[PDB]
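The structure appears below as structure tokens.
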Amino acid sequence: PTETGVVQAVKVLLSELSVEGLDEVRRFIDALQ
Amino acid sequence: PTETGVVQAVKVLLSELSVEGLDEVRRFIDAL
Amino acid sequence: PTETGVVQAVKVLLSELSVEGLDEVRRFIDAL
Amino acid sequence: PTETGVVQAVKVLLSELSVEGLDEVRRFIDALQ
């Protein structure tokens, strides 16, 4: 698997989510760096 | 989430997998 | 990305789909 | 599809990505709100 493809899939999934879900994902990303 | 978007994202992910991974996903679909 | 993680994520997504969506994903696997 | 399941899948995918990919995803999330 390539990062480019995974990023594209993640964008598709995120684009439909509510603010609640987006806020949860952002907190998780901030834990990864 | 809509089914259309999730299906689209899954297809993008599957296009990156090896035959082994594709076979594992196919078996899981059979479990559902 | 590792195949193991992507496969795991795909399974989580597939557990949410209807039969119609699962059938579409299965057909796509056949295309790969 | 439920948001909870999609969020869980997104977390699995993000957890493996490089800083480059994570940075791209974050910019995208900020566009969704």
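Ligands are numbered from 1 in the order shown, chains are lettered A, B, ... in the order of the structure tokens, and residues start at 1 in each chain.
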Exercise: stretch 4-16 of chain A partners within 7 Å, only C-alpha atoms, chain neighbours under 5 positions left out, as a ChimeraX atom specification: /A:22 /B:1,5-6,9,12-13 /D:10,21,25,32
Give me every alpha helix (DSSP H) residue in chain A, going by DSSP on the backbone, as an mmCIF file with N, CA, C and O atoms, in the first residue's frame.
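As a result, out.cif now contains:
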data_model
loop_
_atom_site.group_PDB
_atom_site.id
_atom_site.type_symbol
_atom_site.label_atom_id
_atom_site.label_comp_id
_atom_site.auth_asym_id
_atom_site.auth_seq_id
_atom_site.Cartn_x
_atom_site.Cartn_y
_atom_site.Cartn_z
ATOM 1 N N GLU A 3 1.187 5.535 0.529
ATOM 2 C CA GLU A 3 0.598 6.611 1.317
ATOM 3 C C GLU A 3 -0.385 7.432 0.490
ATOM 4 O O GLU A 3 -1.440 7.838 0.990
ATOM 5 N N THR A 4 -0.057 7.686 -0.779
ATOM 6 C CA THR A 4 -0.921 8.512 -1.615
ATOM 7 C C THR A 4 -2.325 7.927 -1.692
ATOM 8 O O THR A 4 -3.320 8.634 -1.487
ATOM 9 N N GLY A 5 -2.421 6.627 -1.969
ATOM 10 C CA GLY A 5 -3.728 5.998 -2.056
ATOM 11 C C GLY A 5 -4.475 6.020 -0.737
ATOM 12 O O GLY A 5 -5.683 6.276 -0.697
ATOM 13 N N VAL A 6 -3.765 5.757 0.363
ATOM 14 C CA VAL A 6 -4.406 5.776 1.673
ATOM 15 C C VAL A 6 -4.917 7.176 1.994
ATOM 16 O O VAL A 6 -6.044 7.340 2.475
ATOM 17 N N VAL A 7 -4.112 8.205 1.712
ATOM 18 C CA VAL A 7 -4.551 9.577 1.959
ATOM 19 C C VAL A 7 -5.811 9.885 1.161
ATOM 20 O O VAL A 7 -6.760 10.485 1.679
ATOM 21 N N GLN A 8 -5.855 9.454 -0.100
ATOM 22 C CA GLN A 8 -7.033 9.707 -0.925
ATOM 23 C C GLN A 8 -8.272 9.049 -0.325
ATOM 24 O O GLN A 8 -9.341 9.666 -0.246
ATOM 25 N N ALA A 9 -8.147 7.790 0.106
ATOM 26 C CA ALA A 9 -9.274 7.101 0.724
ATOM 27 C C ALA A 9 -9.712 7.800 2.005
ATOM 28 O O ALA A 9 -10.907 7.960 2.258
ATOM 29 N N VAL A 10 -8.759 8.234 2.822
ATOM 30 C CA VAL A 10 -9.101 8.933 4.054
ATOM 31 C C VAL A 10 -9.874 10.210 3.744
ATOM 32 O O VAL A 10 -10.858 10.539 4.416
ATOM 33 N N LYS A 11 -9.458 10.936 2.710
ATOM 34 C CA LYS A 11 -10.169 12.161 2.353
ATOM 35 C C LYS A 11 -11.617 11.873 1.974
ATOM 36 O O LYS A 11 -12.530 12.600 2.378
ATOM 37 N N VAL A 12 -11.849 10.820 1.194
ATOM 38 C CA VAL A 12 -13.216 10.448 0.843
ATOM 39 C C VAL A 12 -14.037 10.179 2.101
ATOM 40 O O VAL A 12 -15.163 10.668 2.249
ATOM 41 N N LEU A 13 -13.475 9.419 3.039
ATOM 42 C CA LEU A 13 -14.218 9.084 4.250
ATOM 43 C C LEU A 13 -14.490 10.314 5.101
ATOM 44 O O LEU A 13 -15.603 10.496 5.609
ATOM 45 N N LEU A 14 -13.492 11.172 5.264
ATOM 46 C CA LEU A 14 -13.665 12.328 6.128
ATOM 47 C C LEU A 14 -14.687 13.305 5.570
ATOM 48 O O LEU A 14 -15.382 13.977 6.340
ATOM 49 N N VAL A 19 -19.095 17.254 12.413
ATOM 50 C CA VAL A 19 -18.055 17.960 13.153
ATOM 51 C C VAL A 19 -17.565 17.108 14.316
ATOM 52 O O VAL A 19 -16.376 17.119 14.647
ATOM 53 N N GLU A 20 -18.474 16.356 14.940
ATOM 54 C CA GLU A 20 -18.088 15.482 16.043
ATOM 55 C C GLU A 20 -17.023 14.492 15.599
ATOM 56 O O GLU A 20 -15.983 14.344 16.252
ATOM 57 N N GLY A 21 -17.266 13.810 14.480
ATOM 58 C CA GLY A 21 -16.300 12.846 13.988
ATOM 59 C C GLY A 21 -15.011 13.492 13.528
ATOM 60 O O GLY A 21 -13.923 12.978 13.795
ATOM 61 N N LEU A 22 -15.113 14.630 12.840
ATOM 62 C CA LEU A 22 -13.913 15.326 12.393
ATOM 63 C C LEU A 22 -13.066 15.772 13.578
ATOM 64 O O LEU A 22 -11.833 15.675 13.544
ATOM 65 N N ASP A 23 -13.713 16.259 14.639
ATOM 66 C CA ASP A 23 -12.975 16.687 15.823
ATOM 67 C C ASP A 23 -12.256 15.512 16.473
ATOM 68 O O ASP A 23 -11.115 15.647 16.928
ATOM 69 N N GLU A 24 -12.902 14.346 16.519
ATOM 70 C CA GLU A 24 -12.241 13.173 17.081
ATOM 71 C C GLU A 24 -11.030 12.775 16.245
ATOM 72 O O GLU A 24 -9.972 12.442 16.787
ATOM 73 N N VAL A 25 -11.162 12.807 14.921
ATOM 74 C CA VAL A 25 -10.044 12.423 14.062
ATOM 75 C C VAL A 25 -8.876 13.391 14.234
ATOM 76 O O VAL A 25 -7.707 12.985 14.261
ATOM 77 N N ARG A 26 -9.167 14.687 14.344
ATOM 78 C CA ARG A 26 -8.089 15.658 14.484
ATOM 79 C C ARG A 26 -7.303 15.433 15.769
ATOM 80 O O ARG A 26 -6.068 15.507 15.779
ATOM 81 N N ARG A 27 -8.002 15.186 16.875
ATOM 82 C CA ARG A 27 -7.299 14.898 18.120
ATOM 83 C C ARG A 27 -6.381 13.697 17.951
ATOM 84 O O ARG A 27 -5.265 13.672 18.484
ATOM 85 N N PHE A 28 -6.843 12.686 17.215
ATOM 86 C CA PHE A 28 -6.033 11.497 16.986
ATOM 87 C C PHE A 28 -4.800 11.826 16.161
ATOM 88 O O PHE A 28 -3.697 11.380 16.491
ATOM 89 N N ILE A 29 -4.956 12.626 15.102
ATOM 90 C CA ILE A 29 -3.797 13.006 14.297
ATOM 91 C C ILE A 29 -2.763 13.739 15.140
ATOM 92 O O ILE A 29 -1.556 13.502 15.016
ATOM 93 N N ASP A 30 -3.215 14.639 16.011
ATOM 94 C CA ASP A 30 -2.301 15.373 16.887
ATOM 95 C C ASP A 30 -1.569 14.454 17.857
ATOM 96 O O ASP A 30 -0.507 14.829 18.362
ATOM 97 N N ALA A 31 -2.110 13.267 18.130
ATOM 98 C CA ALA A 31 -1.400 12.290 18.945
ATOM 99 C C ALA A 31 -0.308 11.568 18.164
ATOM 100 O O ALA A 31 0.603 11.000 18.776
#
Nearby residues (only C-alpha atoms) at most 12 Å from residue C:31, same-chain spacing under 2 positions excluded, as a list in words: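 What passes the distance filter is residues 11, 14, 15, 19 and 22 of chain B; 24, 25, 26, 27, 28 and 29 of chain C.
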Spatial neighbours of residue C:3, max dist 8 Å, only C-alpha atoms, sep filter under 3 positions, as a list in words: residues 1 of chain A; 17, 18 and 21 of chain B; 6 and 7 of chain C
